[PDB]
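Below is one structure, written out as structure tokens, with a few remarks after it.
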There are 2 protein chains.
Amino acid sequence: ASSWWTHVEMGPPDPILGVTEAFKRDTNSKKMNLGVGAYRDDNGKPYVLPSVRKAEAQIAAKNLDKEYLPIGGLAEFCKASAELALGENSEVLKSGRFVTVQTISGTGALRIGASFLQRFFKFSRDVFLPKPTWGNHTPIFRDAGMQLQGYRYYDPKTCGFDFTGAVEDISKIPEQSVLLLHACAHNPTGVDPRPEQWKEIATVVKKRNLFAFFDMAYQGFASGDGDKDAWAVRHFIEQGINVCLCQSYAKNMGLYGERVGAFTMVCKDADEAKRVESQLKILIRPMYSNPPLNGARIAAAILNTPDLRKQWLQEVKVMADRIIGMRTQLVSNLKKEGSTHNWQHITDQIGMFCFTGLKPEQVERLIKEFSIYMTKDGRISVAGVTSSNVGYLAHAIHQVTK
Amino acid sequence: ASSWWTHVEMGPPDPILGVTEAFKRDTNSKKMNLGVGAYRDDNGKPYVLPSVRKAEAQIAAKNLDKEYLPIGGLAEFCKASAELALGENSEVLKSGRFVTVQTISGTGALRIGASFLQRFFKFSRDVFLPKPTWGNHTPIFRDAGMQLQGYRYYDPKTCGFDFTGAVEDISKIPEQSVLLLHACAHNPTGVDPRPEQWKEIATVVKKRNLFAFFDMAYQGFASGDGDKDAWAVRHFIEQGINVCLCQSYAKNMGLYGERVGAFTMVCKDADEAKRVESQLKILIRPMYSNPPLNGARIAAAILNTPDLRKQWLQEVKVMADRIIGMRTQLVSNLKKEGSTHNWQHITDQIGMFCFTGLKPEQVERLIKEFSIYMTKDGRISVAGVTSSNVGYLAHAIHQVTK
Ligand SMILES: Cc1ncc(COP(=O)(O)O)c(C=O)c1O
Ligand SMILES: Cc1ncc(COP(=O)(O)O)c(C=O)c1O
């Protein structure tokens, strides 16, 4: 053709960016933006952890260099991330039968894992995801070369986890097929299985010899306790199932821009771990010579230092308490407004994001009348909820669902 | 199988890391490491630009947030990078018929460009590279899905650019085939075509309607003048050829760990530019939600501020002068030692890396006897050369080539 890219077509707009722009152009004083993808403080401003600032001050005092990091990443950061994910007294660390490589946050880890599965996981080409899964998950596996399937995870009838349906779908999954399991808060729905349900899922996976691909990105932030959030992964590991974790420190540490993340794979032996490390480095090098330095250095400094680690844990627990308090206040105000609908699932759900279960027509009613901007599926970000405007949101929800 | 990764094999060791480890384990006092991939000062320590430190201090004073950046990247950084690459008075900027997206340094840009070519460049599947090309170039295009070809670039007989052979190979390239052209210092050889040779190559490309994929990663660092280093790209653009630039600020700015880089594509119209921008964002999002923030912010602060830009240009010119002085001193000391070999190609070559043209047996002779560690092909890093040890290196080369 005359032009190289004359056949290139305009890409579809991102709904999240459209919602954000619609909120920005809105002139109503009482407008709210529940489509935000990051945590916010009470005032609604972006929140930077004081532990992060202390780590930055310490690093600036150290006056370190900016040379390239190993292809795998910073050794201290990888070791600290593995210890945090698996626990300080995990048998895996003692045996050393694990590999951890720094990557570009969770998305990068997910991509690296998908590329590794495409290159080496000869058993199957199908990746199973929850039916209401994170949006980027699909494109990542599609670009990496993996076909995608789905299983039931969320039950719209009870607005909760569909345990029986999920068990049946997992049991129907063909053997030796990779499975994706949101470790903690589900990204779009924030519904997590109960520990007994997690044990049942682990037993089914062990019986079917499936491959688990955990995606822990809200560790600590989900409930303020890192051990309880990582309980499912540790249970899977002690059951004898080798799993992969995609850890993202964007939320639990507030390093959204720093792109901090680690991809760890559990192997049977240290020889297998180092072979997987070599192949992972071989895969990583064409994508990027090395991961970034500043964010990983900050994360390693916070994790290794005891006082900084304690302060970071306290801050994360505080943010988790704020999220839970916002959910509880929303439910209480909905009860006060006189709504007879059962909003227990709002308190039951854990994480930033919530489906109140509102119908799309209710969504347009909220957008046009009360100037509340939210996605069509019904997901709202609790971080956007404020103690000042929680009453307004509850009143609007009650009026729409009247 | 019983194990998921029992069939995974140990990856081949990286020769550069092996050379570095061999240098580290060496106990000779007069040992040198010419395999370093980054610039070093006179003392041999890593060099951090004072302009970078001033920018970091200014950013710390600003007390900015760490929220996610747009998928394309920081707007200020992209605009500044495009202006620096194309020139302040470029017609492309006035017409706005360009797209620039931040990426993970040069490697990332190269990958993004290869992915875009795989998805949209329906004309051909073959990418032509110089015969002595950068090592990572191959794996990047192989993983992205592009077949790779080669053309003659370096003439071992004269240790210089093979102009006639390169012209014949380019003319034999099939029409509408993407071509890779190291903009400045050839990574492995540091040989660049003369401006008349660049004009001839541009005329041949325009006649054959080839697609040019420039990889400018040493702008400014090559000779201390950004305009002269970017002269080939500007000539190609004014000739009417739409080209792609993979800019890496790792060297010209010393931000090796910060992973700073931009991929810019020249289009005919602004509509084509924005369509390409949307498709590039669609491609980028699965790989990583957004590029990192700290390095791009530092680069934008340095480029936009006039005093910081002037100081950065002065520092880059100083490092380029140091590299040229090291080359000249090496040639002068080789002449003093009495060697009759023609070492003019050492001064002719521009960039960090040089092929002195030594045979592999001479390489093992240097490694075993004089404890000088270097790659088998003969490439040496001028940044590793020091005013103190340049005489020792010249004496060793003369003794080996005696
Ligand atoms: C499922 C999932 N993956 C990954 C991430 C983190 O993505 P990023 O890599 O952009 O930090 C999140 C955070 O919202 C998430 O919910
Ligand atoms: C040909 C080439 N491409 C790209 C780069 C930049 O690589 P990175 O992305 O690791 O900064 C360099 C720097 O040495 C190079 O020589």
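Okay, here's what the table says:
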item: Residue selected from the stretch B:57-78 under the condition surrounded by fewer than 20 Cβ atoms within 10 Å (Cβ to Cβ) and among the aliphatic types (A, V, I, L, M), by the criterion nearest to the other protein chains (Cβ to nearest Cβ); result: B:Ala60
item: Residue within the stretch B:92-100 that is surrounded by fewer than 18 Cβ atoms within 10 Å (Cβ to Cβ), in the same structural domain as B:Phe236 (by TED's automatic domain parsing), within 28 Å of B:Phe214 (Cα to Cα) and within 22 Å of the chain's Cα centre (by Cα) present; result: no
item: Checking B:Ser387 against (1) part of a loop (DSSP other than H, G, I, E, B); (2) crowded, with 21+ Cβ neighbours inside 10 Å, the condition it does not meet; result: (2)
item: Filter result (without any contact (Cβ under 8 Å) to a residue 24 or more places away in the chain and within 23 Å of B:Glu175 (Cα to Cα)) within the stretch B:108-148; result: B:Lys122, B:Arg125, B:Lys131, B:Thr138, B:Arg142, B:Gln147, B:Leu148
item: Search result, residues across the stretch A:327-373 that are in contact (Cβ under 8 Å) with a residue 40 or more places away in the chain and either assigned to a loop (DSSP other than H, G, I, E, B) or within 16 Å of ligand 2 (Cβ to nearest atom) (or both); result: A:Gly338, A:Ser339, A:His341, A:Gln349, A:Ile350, A:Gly351, A:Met352, A:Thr356, A:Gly357, A:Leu358, A:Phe370, A:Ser371
item: Contacts under 6 angstrom Cβ, first residue in the stretch A:374-402 being within 14 Å of A:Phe355 (Cβ to Cβ), partner of a type in the set (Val, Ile, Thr) and assigned to a strand (DSSP E or B), 6 or more apart; result: A:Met374/A:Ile380
item: All positions within the stretch B:32-56 that are away from chain A (no Cβ under 14 Å) and surrounded by fewer than 18 Cβ atoms within 10 Å (Cβ to Cβ); result: B:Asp42
item: Any helices (runs of 4 or more DSSP H) falling wholly within the stretch B:217-326 and containing at least 3 residues that are at the interface with chain A (Cβ under 10 Å from one of its Cβ atoms), touching an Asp or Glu at 6+ places or on another chain (Cβ under 8 Å) and surrounded by 24 or more Cβ atoms within 10 Å (Cβ to Cβ); result: B:294-304
item: Count of residues meeting criterion [under 22 Å from A:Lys94 (Cβ atoms) and either over 24 Å from the mean Cα position of the chain (by Cα) or among the basic types (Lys, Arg) (or both)] in the stretch A:253-276; result: 9
item: Condition broken by B:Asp229, with the remaining ones in (1) within 16 Å of ligand 1 (Cβ to nearest atom); (2) closer than 14 Å to B:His182 by Cα satisfied; result: (1)
item: Output for the stretch A:2-31, where each listed residue is within 14 Å of chain B (Cβ to nearest Cβ) and in contact (Cβ under 8 Å) with a residue 12 or more places away in the chain; result: A:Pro15, A:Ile16, A:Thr20
item: Verdict on B:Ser81 being among the polar types (S, T, N, Q) and either more than 9 Å from chain A (Cβ to nearest Cβ) or in contact with a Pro (Cβ under 8 Å, 6 or more places away or on another chain) (or both); result: yes
item: Count of residues meeting criterion [among the hydrophobic types (A, V, I, L, M, F, W, C) and surrounded by fewer than 18 Cβ atoms within 10 Å (Cβ to Cβ)] in the stretch A:133-166; result: 2
item: Looking only at the stretch B:26-64, and only at residues there that are hydrophobic (A, V, I, L, M, F, W, C) and touching a strand residue (DSSP E or B) at 6+ places or on another chain (Cβ under 9 Å), the one that is farthest from ligand 2 (Cβ to nearest atom); result: B:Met32
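Residue-by-condition table, conditions (1) away from ligand 1 (no atom under 16 Å from the Cβ); (2) among the hydroxyl-bearing types (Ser, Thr, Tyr):
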{"position": "A:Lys24", "(1), (2)": "yes, no"}
{"position": "A:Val52", "(1), (2)": "no, no"}
{"position": "A:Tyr68", "(1), (2)": "yes, yes"}
{"position": "A:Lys79", "(1), (2)": "yes, no"}
{"position": "A:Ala85", "(1), (2)": "no, no"}
{"position": "A:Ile112", "(1), (2)": "no, no"}
{"position": "A:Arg119", "(1), (2)": "yes, no"}
{"position": "A:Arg125", "(1), (2)": "yes, no"}
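No Cβ is skipped: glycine too gets one built from the backbone with ideal geometry, and neighbour counts run over all protein chains shown. All of this is worked out from the model, or read from it or from the source named; none is laboratory data.
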